Amino acid sequence: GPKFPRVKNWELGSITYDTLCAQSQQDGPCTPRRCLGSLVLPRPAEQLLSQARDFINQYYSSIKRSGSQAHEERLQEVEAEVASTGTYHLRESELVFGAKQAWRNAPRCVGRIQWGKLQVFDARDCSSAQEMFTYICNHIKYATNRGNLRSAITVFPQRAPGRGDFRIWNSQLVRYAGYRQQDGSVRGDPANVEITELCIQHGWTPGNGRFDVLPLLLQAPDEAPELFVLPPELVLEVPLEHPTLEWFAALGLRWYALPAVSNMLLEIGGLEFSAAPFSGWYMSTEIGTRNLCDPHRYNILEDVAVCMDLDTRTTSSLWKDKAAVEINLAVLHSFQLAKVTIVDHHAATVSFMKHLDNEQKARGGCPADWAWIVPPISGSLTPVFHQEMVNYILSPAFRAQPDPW
Amino acid sequence: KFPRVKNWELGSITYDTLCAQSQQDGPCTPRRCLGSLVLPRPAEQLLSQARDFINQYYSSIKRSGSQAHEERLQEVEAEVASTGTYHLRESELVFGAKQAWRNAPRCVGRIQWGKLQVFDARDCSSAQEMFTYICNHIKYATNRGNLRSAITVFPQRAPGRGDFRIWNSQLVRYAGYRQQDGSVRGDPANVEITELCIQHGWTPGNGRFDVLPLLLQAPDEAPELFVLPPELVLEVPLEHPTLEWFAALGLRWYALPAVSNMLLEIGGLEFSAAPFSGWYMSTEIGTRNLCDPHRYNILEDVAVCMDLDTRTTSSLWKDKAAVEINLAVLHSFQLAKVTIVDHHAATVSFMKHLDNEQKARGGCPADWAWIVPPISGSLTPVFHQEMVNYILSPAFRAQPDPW
Ligand code: HEM
Ligand code: HEM
Ligand SMILES: Cc1cc(N)nc(COC[C@H]2C[C@H](OCc3cc(C)cc(N)n3)CN2)c1
Ligand SMILES: Cc1cc(N)nc(COC[C@H]2C[C@H](OCc3cc(C)cc(N)n3)CN2)c1
Ligand SMILES: C[C@H](O)[C@H](O)[C@H]1CNc2nc(N)[nH]c(=O)c2N1
Ligand SMILES: C[C@H](O)[C@H](O)[C@H]1CNc2nc(N)[nH]c(=O)c2N1
Ligand SMILES: [Zn+2]
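So the protein lines, in turn, are chains A and B. Quick note, the first sequence lines up with residues 67 to 109, 121 to 482 if you use PDB author numbering. Quick note, the second sequence lines up with residues 69 to 109, 121 to 482 if you use PDB author numbering.
Dropping the structure here:
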């Protein structure tokens, strides 16, 4: 048949061919000799212009004015700007399209059915660390919306020739402190040990809890990062209880409402937005499975299993599986009681299948990273497990970038 | 470039250098990864695969460069030059089969790769004889519940003629009967092979767990039908340690997972019929075979029996029922003294395998999507372990169905 990858769903027996992958401009890490799909992060005058031309072409196609006079004029105007300055600038509506397209292009995101519904805050006028804070607080207030969460991104000024970057040092806008103890263990979230210690080196007075919300370390160009404490009333958290296990509330577990990634680079048309935090709402497994049960995170499985009186001395009791399921259930139940938006892993994966069909019809495929899209409990119980996926890099894109220190 | 391979739970890092030994391309390119696809789409080359394989063998027995090694290379050269093909000595076959298992990227059970009973059935000239060898394989491997890994190797592919083939995908398979009203009674995965048995003379049953006969095919002949003696096929009724109603569901599964439709390639030679078996990991039965929607699909029935709220996904009724079903399988196999490994023990053993292999060969090819179990992924260590996938030979391969 077609010379595009054939893609099969083994639950349903249905077949598609991905033609979209033909548009990839950027090589991933695989070769015919070996596949590196399971690695988390495997290792410009005329180069900018070709990325910019491509992006402008994407824009004009999206508004159905390809080949138009307005399209040709924008193209000239971009090359003139690069010509005289080395860079160029997006129109507002271009930025909005490019931000959404970056989300839509993100292979690791199961929540892409929502991609067209993204509030884009333009913060390209921002000129200080103090102003970044205001923009960030506004983002948090808008996005949180007292529990009825709204997807959003806030875009700060782009990288510029020989000027320092805007950066948010924290990986997320909300992070619990991780305090290294004398014995070598950690109180709080071990994922955050390094940022915690950077906050302390930069003048923060540390708490001693398991859920101390961290301050933000915000860096305006060519300045030391400045420290900003989020007013507590802005940071919506959800205490965790279980619907029938009454003792679960006594564990004092909690999580925050708003998942807002702040350390990734938004690339659009070769332009690099080094600070562009974005937020959605949580899939319940992120909290109840990874953040709470990973051995290298809060690691609470054994404690919960012991409370549930399970036999923790043997694997074949499936004590881990039982406790994990109850932890996820408590996450879902508590978020529901508190009226804070959340999506379980069944509803989310079902919606992603719908997204796949939509994208097949709209673009001829959808880049997806199977290992990231399949949830970390109950995998084959979700429809995405049975769905082959093709993974490739399209731009606009969100990318990892090196830590600023 | 040698990939840096990180474990994200422990922060430990290795470099896979074994991948340089791959002489066989997989489906990925720098423009797109196809690692999630289940099956993506001359004398001088036989000689090079043959020399390489003989070189692997003499090196395995340390005698790399000896008289015996050099003479054996010439035998292989002489035979290919004269006939376009060659034959393996039994010791070479035994080594090659083990190595194919070892190299199988999708197998989580490879800590066991060195314990493999290898039956040479290359002196087989008929479907009848294949059946005798298969019965002996089942008897050995089953061993009254104390299961033992095994492979039986029937005669290789030859340019002149049809292949020896076992038509069935496994040696034990439950019938799947389609109903004019669309539904399937039994195992929907075996509708086709069920229908093929009927068409070749089998009197069907009408249960949910009717064990199929084998269709065995000798070269250029119609396949023949052979009913396995019920006494040879060990099965485990499923009950649950606390939920009494669960036994009333009538569920069971067989003890012996024996794959019979894959080709075994050693030194360029191809073995189209080479059934191989180990023991089950509980999630293969409890999660996939019983809970897949296109398999026995029993999740709902179990949830109702547990009185769960089936109206909404957010009660996690599915997750809760799947767990009890896996528990029942583990409990039932244990009660019956039939070998089984749960998915926590299995993946822990695989992590140990990765480490042994790192020391021994500088790597291990592994397919993360297959290694990570279908429930409780991130609760197992392998979820957090990066993996490099690539094709080494000797290898097991998929091959076209013979009809
Ligand atoms: C609206 C609800 C949303 C849900 C339920 C959702 C769900 C998810 C989940 C479960 C992941 C994997 C996270 C992990 O394991 O750490 C993820 C990754 C991601 N999503 Fe979303 N998403 C949502 C909205 C968004 C939005 C608004 C953006 C960007 C504008 C976005 C971009 C991403 C990116 C870039 C990743 C990859 C992160 C990385 O590589 O570390 N998603 N999404
Ligand atoms: C001794 C205990 C064994 C265990 C627990 C085990 C476990 C597994 C599991 C869980 C899978 C994934 C199966 C699936 O999802 O359908 C698998 C695949 C496989 N194993 Fe094993 N294995 C064992 C022995 C063997 C032996 C003896 C061989 C060969 C001699 C072997 C070769 C394979 C191959 C080739 C596959 C891939 C099959 C395919 O592509 O569909 N394994 N193993
Ligand atoms: C927007 C959004 C919604 C939602 N429900 N969940 C998220 C979670 O994304 C969090 C992001 C930050 C960590 O990144 C780890 C990481 C490390 C490295 C080296 C690369 C990479 N891409 N990702 C895990 N995923 C984000
Ligand atoms: C030896 C062994 C031990 C154990 N515990 N489990 C097994 C399970 O193997 C069953 C085998 C047959 C199915 O084949 C599906 C399949 C289809 C296709 C087109 C290709 C392919 N490689 N695999 C999946 N795995 C085998
Ligand atoms: C090694 C492996 O790639 C790594 O643990 C991945 C697997 N899948 C994942 N999937 C999601 N959604 N998030 C993750 O952090 C990971 N971790
Ligand atoms: C599409 C996807 O690759 C397919 O569902 C795979 C996923 N992982 C698997 N893993 C195992 N062990 N066995 C399988 O059959 C599958 N199926
Ligand atoms: Zn790949």
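Ideal Cβ placement from N, Cα and C applies to all residues, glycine included.
Thinking residue i and residue j are a contact (beta carbons under 8 Å), I'd like their distance in whole angstroms, please.
| i | j | result |
| --- | --- | --- |
| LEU342/A | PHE350/A | 7 Å |
| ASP199/B | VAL232/B | 6 Å |
| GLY365/B | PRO453/A | Not quite, the Cβ-Cβ distance comes to about 18 Å (not below 8 Å), so this is no contact. |
| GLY346/B | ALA129/B | 5 Å |
| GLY357/B | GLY193/B | Not confirmed; about 13 Å, so no contact. |
| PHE429/B | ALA183/B | Their Cβ separation, rounded to whole angstroms, is 12 Å, which puts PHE429/B and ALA183/B out of contact at 8 Å. |
| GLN191/B | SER228/B | 6 Å |
| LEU293/B | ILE213/B | 7 Å |
| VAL461/A | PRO71/A | With a Cβ gap of about 17 Å, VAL461/A and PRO71/A do not count as contacting. |
| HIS319/B | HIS423/B | Actually they are not in contact, since the Cβ atoms of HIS319/B and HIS423/B sit about 19 Å apart, beyond 8 Å. |
| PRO98/A | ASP93/B | 4 Å |
Out of the options, which has the shortest C-alpha to C-alpha gap to residue i?
| i | options | result |
| --- | --- | --- |
| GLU310/B | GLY193/B, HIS423/B, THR221/B | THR221/B |
| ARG168/A | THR426/A, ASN225/A, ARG201/A | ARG201/A |
| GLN296/A | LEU369/A, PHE210/A, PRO336/A, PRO98/A | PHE210/A |
| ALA88/A | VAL451/A, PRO444/A, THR459/A | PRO444/A |
| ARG181/A | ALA301/A, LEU86/A, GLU77/A | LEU86/A |
| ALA237/A | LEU125/A, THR82/A, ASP480/A | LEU125/A |
| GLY280/A | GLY239/A, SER262/A, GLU303/A, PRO108/A | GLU303/A |
| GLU158/A | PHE132/A, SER138/A, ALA122/A | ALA122/A |
| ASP421/A | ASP93/A, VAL408/A, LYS431/A, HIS432/A | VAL408/A |
| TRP482/A | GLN413/A, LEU369/A, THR426/A, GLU300/A | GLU300/A |
| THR426/A | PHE412/A, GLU274/A, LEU471/A, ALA448/A | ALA448/A |
| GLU323/A | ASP131/A, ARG331/A, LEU313/A, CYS384/A | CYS384/A |
| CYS203/A | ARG223/A, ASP242/A, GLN196/A | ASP242/A |
| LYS438/B | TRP76/B, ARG223/B, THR97/B, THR82/B | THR82/B |
Starting from residue i, follow its DSSP beta bridges and name the residues at the other end.
| i | result |
| --- | --- |
| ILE230/A | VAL197/A, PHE355/A |
| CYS101/B | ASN468/A |
| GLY255/B | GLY265/B |
| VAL420/A | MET360/A |
| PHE475/B | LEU343/B |
| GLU303/B | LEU295/B |
| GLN249/B | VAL338/B |
| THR82/A | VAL73/A |
| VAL270/B | DSSP lists no partner for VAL270/B. |
| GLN92/A | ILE470/A |
At least one CB of chain A closer than 8 Å to the CB of residue i: is that the case?
| i | result |
| --- | --- |
| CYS87/B | yes |
| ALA401/B | yes |
| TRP76/B | yes |
| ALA474/B | no |
| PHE462/B | yes |
| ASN468/B | yes |
| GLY265/B | no |
| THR392/B | yes |
| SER455/B | yes |
| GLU465/B | yes |
| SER339/B | no |
Indicate whether at least one CB of chain B lies closer than 8 Å to the CB of residue i.
| i | result |
| --- | --- |
| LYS397/A | yes |
| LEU409/A | yes |
| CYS443/A | no |
| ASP434/A | no |
| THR321/A | no |
| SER428/A | no |
| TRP449/A | no |
| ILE377/A | no |
| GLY103/A | yes |
| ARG201/A | no |
| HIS373/A | yes |
| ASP388/A | no |
| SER90/A | yes |
| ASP260/A | no |
Counting only runs that start and end within the region 148-224 of chain A, where is the alpha helix (DSSP H) found for 4 or more residues in a row? 169-181, 206-221
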